[PDB]
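Accompanying notes for the structure given below.
Chain identifiers are assigned alphabetically (A, B, ...) following the order of the sequence lines, protein sequences preceding nucleic acid strands; residue numbering begins at 1 within each chain.
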Amino acid sequence: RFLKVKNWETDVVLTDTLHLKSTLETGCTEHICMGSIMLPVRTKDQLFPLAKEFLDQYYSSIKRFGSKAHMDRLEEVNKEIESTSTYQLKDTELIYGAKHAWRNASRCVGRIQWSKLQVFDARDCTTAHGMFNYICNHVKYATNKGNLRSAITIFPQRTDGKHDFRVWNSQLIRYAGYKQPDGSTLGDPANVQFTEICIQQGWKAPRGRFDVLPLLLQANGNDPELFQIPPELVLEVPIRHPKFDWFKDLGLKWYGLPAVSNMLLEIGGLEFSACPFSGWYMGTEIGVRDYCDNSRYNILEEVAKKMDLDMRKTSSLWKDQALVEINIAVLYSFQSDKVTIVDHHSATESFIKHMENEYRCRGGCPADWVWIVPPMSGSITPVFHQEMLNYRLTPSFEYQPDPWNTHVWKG
Amino acid sequence: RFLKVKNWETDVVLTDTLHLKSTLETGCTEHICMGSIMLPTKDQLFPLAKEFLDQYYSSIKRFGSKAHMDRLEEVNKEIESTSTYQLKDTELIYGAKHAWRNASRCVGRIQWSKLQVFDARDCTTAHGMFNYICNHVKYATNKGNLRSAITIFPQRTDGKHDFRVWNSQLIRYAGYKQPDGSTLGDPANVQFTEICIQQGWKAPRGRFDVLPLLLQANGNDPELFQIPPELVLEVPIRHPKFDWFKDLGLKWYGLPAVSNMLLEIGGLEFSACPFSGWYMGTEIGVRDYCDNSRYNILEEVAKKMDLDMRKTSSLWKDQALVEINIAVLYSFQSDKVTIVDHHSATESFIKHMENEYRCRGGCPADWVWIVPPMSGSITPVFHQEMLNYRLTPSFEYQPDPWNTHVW
Ligand code: HEM
Ligand code: HEM
Ligand SMILES: C[C@H](O)[C@H](O)[C@H]1CNc2nc(N)[nH]c(=O)c2N1
Ligand SMILES: C[C@H](O)[C@H](O)[C@H]1CNc2nc(N)[nH]c(=O)c2N1
Ligand SMILES: C[S@@](=O)CC(=N)NCCC[C@H](N)C(=O)O
Ligand SMILES: C[S@@](=O)CC(=N)NCCC[C@H](N)C(=O)O
Ligand SMILES: [Zn+2]
C-alpha cells in the first residue's frame, strides 16, 4: 500500500512507502486522533526478533544483506542472547543505531543533520564519577568554543531494570527554579521539582535567576550523585537587542548548548536509559517558549512595558509585537557572539528539503506536524503548508519516567 | 478508554466520554497518524435517521416518549415509501446548530447555539437561490454588526438534482492569470474566475473584484448573478501608525460565508448550505494577505517599513506580519465591523471546551486547525491537548461541482 502527502503551497505530492516498516503504535485509532497528545524488564522471548530486524537493517544499509558476515552476526547474537539473555552491539552497529534514532525522530525539525553525529561510546562506564567525566568531555567537544557539533554519549544499556544508568537532569545544562513563599518563582519554573531534589541531595543553591544546575548522575542503579560542571565549560550568551539598548538591562542570558538527557535510546531491542544528546538551538526554542511561555520565564509583560505598547487591549497585538523583538534579540546575541543558532525560517526550509530527499531515497520521512511547525509565525514557514505522516520507526528515542518516581533508594 | 486531555500551561485535566459516540472514521490508524492531512439507500438511511432522532429527543428531554417513538415510526414509514424523509423545522434547526457544534476545526464554536437558520427548502430556481442569498447576506452583515447565519437549500434526492453554490464563499475576490506569468487579485480563485468568464462575466480585472454568484438549482446548468454592491460590506485597510499603509490599496470584505460545504443531518444531505459568522483577524492578515500562494504582500510591506531583508534572521517577515495584522484589526474596529483577534478567539475557545466537557462530556477539536497561524504558543490553545473525532450532524467537504456536472 502507498500513501500520498501534498504541500498546499507548491502542490508537490510525495509518496510514502516507509510507513509500511512501522510496527509501534501511534496512539490513534480509526475513530479518534490523538495527534496533539503530548505523550500517548524485557525478556529473551521478544529480544531476538527485535535484534534480527535491526541487524537486517544495518546490513542492508552497508550493502551486505545476506552475506556471511551478516549471517554469522545473527548467529552470534542469537547464541549470546540465549546464554546471557541480552547482547552487545558492535561499535559500528551502535553508531548506526544512534544516527537512525535521530533520523526517525518525528518531532525533530533539525534532522537534515542526522548523518553528522559524533557518537561517544560510554558503555565501559561504571560509576557516577565516570559519568561526570564522559559528560564533561561531551560538553567541551559539542560546544567547540561556540561552533557547535552534534554529539551523543551512550552509557551502558539496561539489564534487569534494577541497575539503570540515568541522568536525572532533563538537559545537561539548565537553569534552577525556586518556588518562593509568596508563590512567585525565581529562575526557571520548569525546573523547580528537580531543583528541590538537588537541594535535598546537598546542592548549595546560589538562588539567582540563572543558576546552572548541578549534574545528578545515577550509575548502575545506585543512588545518584551531585557534580558541578566546570563553569569554563558552560558557554552562555547575554541577551541584547540590536536597536533597543534597554534590552540588555532586562538581565537575560541563555546557555548555548541544548543537550537532552532524559530520553531512552532503543536499538535492536536494547534500551539505553542514559544517552545525553546535543545539537544546537532554533531561535524560537528560547525566544518564544523558554522566555515567553506563561509557565516559563514569562517576560512578555516586562518587555512590552519598556517598548511602551498599548497593553490594555489584546487586539493591539502587543504580545505579538514584543515576541518578535525578543526573538530578534536572541538571534542577534548568539550570532554576534559566534554561537551556533538557526532561525525558524532557515530551519523549516532545510527540513522541507530534507524531507523531500528522504521520500526519494528512503520512501518516506515520519514527521509530527504539531511539533515541526514553529511556535510563532507558523504559516509563513513552509512546514505549515506541508502534509506529514507520523509513525514510529526503530531505532528511536523514547520518553521515560523521571527517575525519582521509580528509583529504589539505597541510603 | 474514557480519555483525558491536559492543558500544559494550566494543568487542567478534562475527561472525555463523548468520543465513544463517534460515528465516522478519522483516517488515522494504530500505525499512522494523519492529523495534518487536509482531506482524509434505504437500508443505509434508517439507522442514520434513528440515531439523529434519538439525539434530538434526548436533547429536548423526551427520550423514549410517545412523541419520540411516534416520530421514529413516522419517519420509518416515510423512508419505506418515499426512499427518503423530511425534517421538521425544529429538527432542521437543531441539526444545523449541532453540525457547527461538531465542527472540530472551528475555533468560534462558543457561539454555536446562536445561529440564525434560514429554511430555503422551498426553493426551486437559481433566481430563487439568488434571492435567498441576498437576504442571507443582508441579515448576516447587519450594517457591520455581524450575526451568524445559515441558509439551507433542498436536500439531495438522486444526486442528479443537487442544489449547489459554485463559489467557495458567497463573497470572494477574482483571480486572473497575467501575461507575465504572475497573478492579479486572488490566486486561490483563478480557476473559478475563469469559469465565470467562461460563462459570460465581464471582469473589470482589478485586484479586488467581487466575484459573481454561480448558482445551481435542481441539477440544472448554473447561472451567474451579481450581488448588490450595497450588500457587500468592505473594509479599507489602514495602519494606526504607518500613514503609508493606506497607499498599499488593500481592502477586504467583512462577511466570510462558506458556501461549498455539505451539511449532513440524519443521513440527509444538504449540498447547498452557505453559512457565515465573522472573521478572526489572522485569516485575513496572516493567511489571505501573507500566504505565498495568495496575495503574498510581505515583501512589499517590509520594503515600506525599510527592514533588513538581506537575511532571514532579522525576522523582517515576522515584524511585517505583526504590523499587517495590527492594521486589519484596527481597520475593522475603526469601521465598526465585527472581527475577533486570535488571542480573544482562542481564549473563548478554551472556555467553550470547558463548557462542552462539563455539559456534554467532550469537544472534538483539531489542534492543527485551532492553533492560529501566527504567535501559536502565546495563545492558550497551543498548550491544550485536543481529541479529534467525527460526530454527526456535520459539515463535510464535497467535490467542486465543475468536476462532476453534466451540461
Ligand atoms: C542540530 C540541530 C538540531 C535542531 C535545530 C533541532 C531542533 C529540534 C526542535 C526545535 C525540537 C522541538 C524541541 C522542543 O520544542 O522542545 C526537537 C526535538 C527533538 N530532537 Fe532535534 N534538533 C537538533 C538536533 C538533534 C539531535 C542531535 C538529536 C539526537 C541525536 C535530536 C533529536 C530530537 C528528538 C528525539 C526530539 C523530540 C523531543 C521531545 O519529544 O521532547 N535533535 N529538535
Ligand atoms: C462566528 C464566528 C466564527 C469564527 C470566529 C470562526 C472561526 C473559524 C476559523 C478561524 C476556522 C479555520 C478556517 C480557516 O482557517 O480557513 C473555521 C473553520 C470552520 N468553521 Fe468556524 N467560525 C465562526 C463561525 C462559524 C459558523 C457560523 C459555522 C457554521 C454554521 C462555522 C463552521 C466552520 C466549519 C465547518 C469549519 C471548517 C472549515 C474547513 O474544514 O475548511 N464557523 N472557523
Ligand atoms: C498540547 C500540545 O501537543 C503541546 O503544547 C505541544 C504542541 N507542539 C509543540 N511543539 C514543540 N516543538 N514543542 C512543544 O513542546 C510542543 N508542545
Ligand atoms: C498541511 C496542513 O494540514 C495545512 O496547511 C493546514 C494546517 N492548518 C490549518 N489551519 C487552519 N485554520 N486553516 C488551514 O487552512 C490550515 N491548513
Ligand atoms: C538536543 S537539542 O540540540 C535539540 C534541540 N534543538 N532542542 C531540544 C530541546 C531544547 C529545549 N526546547 C530548550 O528550549 O531548551
Ligand atoms: C463561515 S465563516 O464565519 C468561518 C470563518 N471565520 N472563516 C472560515 C473561512 C474564511 C477564510 N479562512 C478566509 O479567510 O476567507
Ligand atoms: Zn492521528
| said: Less than 6.0 angstrom separating the ring centers of B:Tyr295 and B:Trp252, yes or no? | reply: yes
| query | How about B:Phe46 and B:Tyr85: are their ring centres within less than 6.0 Å of each other? | reply |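 Ring centres of B:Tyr85 and B:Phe46 not closer than 6.0 Å.
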| task | Go through the steps for B:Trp369 and B:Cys106 under the test side chain to side chain contact (heavy atoms under 4.5 Å, CB included), then give the verdict. | result | CA-CA 8 Å; B:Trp369 275 67; B:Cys106 172; over 6 Å; no
What I'd like to find out is whether the side chain of [X] reaches to under 4.5 Å of the side chain of [Y], using heavy atoms alone.
X: B:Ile237; Y: B:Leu248; result: no
X: B:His405; Y: B:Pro222; result: yes
X: B:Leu211; Y: B:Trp201; result: yes
X: B:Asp247; Y: B:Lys304; result: yes
X: A:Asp320; Y: B:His343; result: yes
X: A:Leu389; Y: B:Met34; result: yes
X: B:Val301; Y: B:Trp244; result: yes
X: B:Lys246; Y: B:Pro236; result: no

Any donor and acceptor pair, going by atom type alone, linking the side chain of [X] with main-chain N or O of [Y] inside 3.5 Å?
X: B:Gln216; Y: B:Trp166; value: no
X: B:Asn218; Y: B:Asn220; value: no
X: B:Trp367; Y: B:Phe382; value: yes
X: B:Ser259; Y: B:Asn167; value: yes
X: B:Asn102; Y: B:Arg390; value: no
X: B:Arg109; Y: B:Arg101; value: yes
X: B:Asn260; Y: B:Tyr397; value: no
X: B:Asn145; Y: B:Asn142; value: no
X: B:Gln44; Y: B:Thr41; value: yes
X: B:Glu264; Y: B:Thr392; value: no

| said: Set out, in order, the CA-CA distance, both residues' side-chain angles and the distance that settles side chain to side chain contact (heavy atoms under 4.5 Å, CB included) for B:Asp186 and B:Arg294, then state yes or no. | reply: CA-CA 6 Å; B:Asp186 198 331; B:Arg294 305 290 301 280; 2.9 Å; yes
Measuring from [X]:[atom1] to [Y]:[atom2], what's the distance to the nearest 0.5 Å?
X: B:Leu170; Y: B:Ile227; atom1: CG; atom2: CD1; value: 6.0 Å
X: B:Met129; Y: B:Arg164; atom1: CE; atom2: CZ; value: 9.5 Å
X: B:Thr26; Y: A:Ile32; atom1: OG1; atom2: CD1; value: 8.5 Å
X: B:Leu53; Y: B:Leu48; atom1: CG; atom2: CG; value: 11.0 Å
X: B:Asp291; Y: B:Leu298; atom1: CG; atom2: CG; value: 9.5 Å

| side chain to side chain contact (heavy atoms under 4.5 Å, CB included) between B:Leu18 and B:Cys363: does it pass, once the steps are laid out? | CA-CA 7 Å; B:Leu18 180 67; B:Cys363 180; 5.9 Å; no
| Where do B:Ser182 and B:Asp180 land on the side-chain hydrogen bond (donor to acceptor under 3.5 Å, both in side chains) test, with the steps shown first? | CA-CA 6 Å; B:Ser182 61; B:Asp180 49 17; 2.6 Å; yes
So, [X] and [Y], do they make that salt bridge, N to O below 4.0 Å?
X: B:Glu194; Y: B:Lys177; value: no
X: B:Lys50; Y: B:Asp54; value: yes
X: B:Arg121; Y: B:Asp89; value: yes
X: B:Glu91; Y: B:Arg71; value: yes
X: B:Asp288; Y: B:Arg172; value: no
X: B:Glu300; Y: B:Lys303; value: no

| message | For a side chain to side chain contact (heavy atoms under 4.5 Å, CB included) check, start with the C-alpha distance between A:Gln386 and A:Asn7, then their side-chain angles and the critical distance, and finish with the verdict. | response | CA-CA 4 Å; A:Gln386 178 62 54; A:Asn7 188 293; 2.8 Å; yes
| query | Who passes side chain to side chain contact (heavy atoms under 4.5 Å, CB included) against B:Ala99, sequence neighbours left out? | reply |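 Listed in chain order: B:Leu263, B:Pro393, B:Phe395.
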Looking at [X], I'd like to know if its [atom1] atom is crowded, meaning that more than 12 non-hydrogen atoms belonging to other residues, nucleotides or ligands lie closer than 6.0 Å.
X: B:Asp43; atom1: CG; result: no
X: B:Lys138; atom1: NZ; result: no
X: B:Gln398; atom1: CD; result: yes

| task | Could you please spell out the steps behind the side-chain hydrogen bond (donor to acceptor under 3.5 Å, both in side chains) verdict for B:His136 and B:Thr151? | result | CA-CA 7 Å; B:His136 188 130; B:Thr151 297; 2.7 Å; yes
| field | Stepwise side-chain hydrogen bond (donor to acceptor under 3.5 Å, both in side chains) check, B:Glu347 with A:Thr314 | value | CA-CA 11 Å; B:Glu347 186 203 4; A:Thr314 70; over 6 Å; no
Do you know the tightest heavy-atom contact between [X] and [Y]?
X: B:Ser168; Y: B:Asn189; answer: OG-OD1, 4.0 Å
X: B:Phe153; Y: B:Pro274; answer: CE1-CD, 3.8 Å
X: B:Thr282; Y: B:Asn325; answer: CA-OD1, 3.5 Å
X: B:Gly254; Y: B:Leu146; answer: O-CD1, 3.2 Å
X: B:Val165; Y: B:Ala272; answer: N-CB, 4.3 Å
X: A:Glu9; Y: B:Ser293; answer: O-CB, 4.2 Å

| request: May I ask you to check if B:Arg147 and B:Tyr139 form a cation-pi contact, with NZ or CZ under 6.0 angstrom from the six-membered ring centre and within 45° of the axis? | output: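 Here B:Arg147 passes the 6.0 Å and 45° test against B:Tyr139.
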| request: Determine the interplanar angle of the B:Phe242 and B:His239 rings, folded into 0 to 90°, and report it as parallel if under 30°, tilted if 30 to 60°, perpendicular if over 60°. | output: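 Perpendicular: the ring planes of B:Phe242 and B:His239 meet at over 60°.
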| query | Should the ring pair B:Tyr279 and B:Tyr253 be called parallel, tilted or perpendicular, given that the plane angle runs from 0 to 90° and is split at 30 and 60? | reply | tilted
| Derivation and outcome, side-chain hydrogen bond (donor to acceptor under 3.5 Å, both in side chains), residues B:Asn388 and B:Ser104 | CA-CA 7 Å; B:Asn388 196 23; B:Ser104 69; 2.8 Å; yes
| Flag for B:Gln333-A:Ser315: side-chain donor and acceptor within less than 3.5 Å | yes
